[PDB]
Amino acid sequence: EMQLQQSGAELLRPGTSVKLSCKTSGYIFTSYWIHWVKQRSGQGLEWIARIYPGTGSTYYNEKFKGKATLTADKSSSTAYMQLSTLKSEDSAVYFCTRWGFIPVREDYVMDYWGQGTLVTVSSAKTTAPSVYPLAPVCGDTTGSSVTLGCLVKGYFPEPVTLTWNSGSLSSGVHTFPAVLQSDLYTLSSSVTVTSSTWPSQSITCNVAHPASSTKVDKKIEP
Amino acid sequence: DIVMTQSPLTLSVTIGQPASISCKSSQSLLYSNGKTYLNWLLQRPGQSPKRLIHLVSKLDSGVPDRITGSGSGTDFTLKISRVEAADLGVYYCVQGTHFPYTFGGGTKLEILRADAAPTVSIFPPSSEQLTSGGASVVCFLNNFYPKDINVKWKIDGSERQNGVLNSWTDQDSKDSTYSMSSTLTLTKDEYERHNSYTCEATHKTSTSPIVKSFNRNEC
Ligand SMILES: O=C(O)CNC(=O)CCCP(=O)(O)Oc1ccc([N+](=O)[O-])cc1
Ligand SMILES: [Zn+2]
Ligand SMILES: [Zn+2]
Ligand SMILES: [Zn+2]
Ligand SMILES: [Zn+2]
Ligand SMILES: [Zn+2]
Ligand SMILES: [Zn+2]
Ligand SMILES: [Zn+2]
């Protein structure tokens with residue numbers, strides 16, 4: 001089982017630098033090229049560079065010379081990419097991938113990708129979120145079914161993790177993408193259960209904001 | 001660098017029907033060794049991209065042969081013979097013939113289903129929030145199709161445009177519907193000065209606006 005695990009989300013101050021890691025397992029690290037790809041705002045992908053861990057040989061997209069530096073630690077099977085002097089355009093998700101093109105064969109083996117690392121370049125302060133329970137009044141959907149919600153607001157930076165009943169409740173759950181407004185994010189999630197479940201049994205919203213080491217659970221009560 | 005142009009921007013197809021995506025390049029992608037390094041990738045919602053095709057028409061291992069690729073020179077096409085729900089996501093063509101490697105802008109494939117009217121829920125501010133001097137009124141419009149919808153907030157009969165925060169989910173794999181969240185935030189003091197709070201929506205499934213409201217009072 002071939003796997004690439006990337007480091008966690010980074011919030012970087014303008015003008016500073018960061019080193020992202022891509023830990024691999026399940027294959028011979030020194031025998032394949034590892035490529036790094038950048039993704040901005042969504043549909044915008046760009047190819048950065050590639051390195052052959054066996055020799056240290058690297059090739060860079062001209063645009064990224066001086067911006068990206070690739071290295072690889074053979075003893076730990078980890079590839080790294082250092083980004084220098086961060087600016088607005090560097091806020092993006094970066095992926096590492098064992099692309100699979102075998103130059104000698106002029107053919108390909110399967111591509112495996114890391115999960116991606118989100119980098120946020122900002123000088124804005126880290127702020128813990130306030131979690132608010134949303135119990136129905138009109139948004140009860142009469143009888144039969146009832147929808148509840150959780151409002152997470154005023155935090156920075158992303159991400160925040162939200163589950164219901166510790167992850168035990170995932171059916172009929174809708175978690176909306178966080179939206180930034182005045183240097184703070186707001187996120188919400190709704191969960192629909194049958195009138196027979198709630199309020200009889202408890203429904204709790206679980207929120208974690210790693211950047212501020214905030215872990216909060218909110219019980220939705222009538 | 002080679003510019004890659006994809007058409008169309010979005011594709012809306014019903015399950016069982018065929019789909020076709022085009023990718024054009026500014027330079028021929030024929031390498032000097034006679035091979036054409038044109039790849040097609042799929043990025044499913046919330047997932048990393050995955051290669052579907054290499055060398056124009058060769059499928060990667062484990063990729064369904066419902067998918068086929070063709071083309072040469074500067075014109076390429078990806079075709080899906082019969083669309084299934086798992087095909088939802090964004091498709092990109094990427095060329096490796098000319099350094100540096102470049103990608104097309106992407107094409108989003110959305111599953112076209114039967115119209116679905118929104119299930120709307122409205123929530124007044126929690127005691128917790130009021131305590132802090134803030135007041136947010138939340139409206140959830142769940143499981144509707146098409147995605148096109150207009151939401152407006154009205155307080156005591158007048159439209160409120162300031163303080164609104166909207167968010168949408170991507171198309172759901174499980175039922176091909178969309179969901180939306182709309183939050184109106186005001187001070188506790190102003191919140192306590194009005195009576196009726198209305199979440200109003202405009203959607204294909206109704207000739208008149210879809211409404212959900214509540215009147216705040218005490219007892
Ligand atoms: O390098 C050149 O100048 C000559 N060309 C070659 O050697 C062929 C390279 C073919 P390829 O399909 O591996 O190119 C790529 C590599 C990574 C990509 N990605 O998206 O990660 C996208 C395309
Ligand atoms: Zn092949
Ligand atoms: Zn060239
Ligand atoms: Zn050339
Ligand atoms: Zn008034
Ligand atoms: Zn009045
Ligand atoms: Zn009023
Ligand atoms: Zn009044």
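In what follows, chains carry the letters A, B, and so on, assigned in the order in which the sequence lines appear, proteins first and then strands, with residues in each chain numbered from 1. Computation of the quantities below employed the complete heavy-atom set of this structure, encompassing side-chain atoms and omitting hydrogens, waters and symmetry-equivalent molecules. Order of appearance sets the numbers: ligands from 1, and atoms from 1 within every ligand.
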Compute the ring centroids of [X] and [Y], then answer whether they are less than 6.0 Å apart.
| X | Y | result |
| --- | --- | --- |
| A:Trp47 | A:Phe64 | no |
| A:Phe101 | B:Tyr37 | yes |
| A:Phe176 | B:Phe140 | yes |
| A:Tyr52 | A:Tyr32 | no |

Pi-cation contact, B:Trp153 with B:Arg160 (under 6.0 Å, within 45°):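 Verdict for B:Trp153: no cation-pi partner in B:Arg160.
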Quiz item: cation-pi between A:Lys38 and A:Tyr94, 6.0 Å / 45°: no
Contact residues of ligand 1 (heavy atom under 4.0 Å), by chain and number: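 Shell around ligand 1 (4.0 Å, heavy atoms): A:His35, A:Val37, A:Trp47, A:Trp99, A:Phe101, A:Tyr108, B:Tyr31, B:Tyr37, B:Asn39, B:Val94, B:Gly96, B:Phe99, B:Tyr101, B:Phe103.
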